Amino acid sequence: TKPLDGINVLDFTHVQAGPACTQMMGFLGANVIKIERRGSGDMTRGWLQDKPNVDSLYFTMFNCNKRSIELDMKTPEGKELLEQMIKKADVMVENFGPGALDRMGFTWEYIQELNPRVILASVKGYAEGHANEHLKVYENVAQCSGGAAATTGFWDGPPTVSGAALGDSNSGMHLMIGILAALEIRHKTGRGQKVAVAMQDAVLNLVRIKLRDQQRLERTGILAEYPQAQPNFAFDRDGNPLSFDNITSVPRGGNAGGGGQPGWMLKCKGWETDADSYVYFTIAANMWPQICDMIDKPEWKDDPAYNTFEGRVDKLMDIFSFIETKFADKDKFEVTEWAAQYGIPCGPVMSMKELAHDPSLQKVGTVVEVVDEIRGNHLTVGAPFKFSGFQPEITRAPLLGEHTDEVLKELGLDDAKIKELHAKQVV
């Protein structure tokens, strides 16, 4: 059995955040009916297509395990169809602009009237009640709003976006938690709820560690493990040394560990020509003697200035600069194995090329080849949660309106009524 078998999702979502959520629900067995606009549908269909007039990889990688119906929702017959669909839905999911779903006659209060059991789940930019509640926010804007950009990158460079979808997919995964939580409470109350996740808040949740640091900084005036705390290492734009003397908000720390276990990104053989020929090396406290054996400096093992975090904290960059010199003639996989024979936490920067074609990730179903007989096969990311009694069955993304009549017949409409709806341009 799959977790969400028999869960009917009425899916209004577009682009990334909403569709990530509903696709992942689909992977876990939910019945996802994607409502799309007549003729055009989800904006991702035509977004950076790799072949003319074929749905893009943006669309296919976020819309597997879904059925598509075209619908003009601002028509009387379309609103009627929607009322029928809401009555059969367990969860409605949308990521329209604020007020958009109200404006086409479907307020939460009306939705409750139609179906007391339905859950209404929304992706928002800022939370309801926020001063900026009405600002449009997408991916990198949300990374900026939630504190990630300010704390990502280097002290002598700009705020930096993550390549990971901290705004979009992260918000979608957060909303999926909200939806599943609402399903849990419905078992007890018998009633549906409204649940919403703002992109700013999804980002903030993942930068909890930086709000820890902001309070530490306010309380103590220093973050001793940050590069700026090492005397005469970090320099500003003009060339002078940086310190916490004049830093009152969590700064960018380059490739520092971000917690209580210091680390850095270290060059390996080929770094000039291979952008991903690097490892990350972490100094775990219990693993310090093991590091001294690999690096071969046994003086440091018993030196109190070197064998304690508090001793090490004021010369982290000096130790990292040295260890990096030991990796100059070894590729990232050779450095990783050389550290691994001392049990040390060291790992390679995996390239997207490596990841896309990695045997292990395909063995465990995390990278999945989708059998798409219409467009040709493509890779996608599968379910990142692995269950003892269940395996996802990923099926290819729908053509625009491919399942319109199938879905209309399920509502109970006869073949003459379907032809009328097609002729009247509602589906």
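A residue's number is simply how far along the shown sequence it sits, counting from 1.
Student: Of 5 to 13 and 410 to 418, which one has the bigger average CA B-factor?
Tutor: The deposited B-factors put 410 to 418 ahead on the C-alpha mean.
Student: On average, which has the higher Cα B-factor in the deposited entry, 291 to 299 or 351 to 359?
Tutor: Higher of the two, by average CA B-factor, is 291 to 299.
Student: With respect to the C-alpha temperature factors reported in the PDB entry, which of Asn232, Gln143, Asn132, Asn255 ranks highest?
Tutor: By C-alpha B-factor in the record, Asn232 ranks first.
Student: Among the choices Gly147, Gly172, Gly78, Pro227, identify the one whose CA B-factor in the record is greatest.
Tutor: Within the set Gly147, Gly172, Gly78, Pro227, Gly78 shows the top C-alpha B-factor.
Student: What third of its chain, lowest, middle or highest, does the C-alpha temperature factor of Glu184 fall into?
Tutor: Middle third, going by the recorded CA B-factors of the chain.
Student: What third of the chain does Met176 rank in for C-alpha temperature factor, lowest, middle or highest?
Tutor: Answer is lowest: the recorded C-alpha B-factor places it there.
Student: By the recorded C-alpha temperature factor, relative to the other modelled residues in its chain, which third is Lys326 in?
Tutor: Highest third - that is where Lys326 ends up once the chain's C-alpha B-factors are sorted.
Student: Among the chain's modelled residues, which third holds the C-alpha B-factor of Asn307?
Tutor: According to the entry, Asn307 has a C-alpha B-factor in the chain's highest third.
Student: Which third, lowest, middle or highest, does the C-alpha temperature factor of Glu83 belong to within its own chain?
Tutor: Its C-alpha B-factor, which the entry lists for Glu83, ranks in the highest third among residues of this chain.
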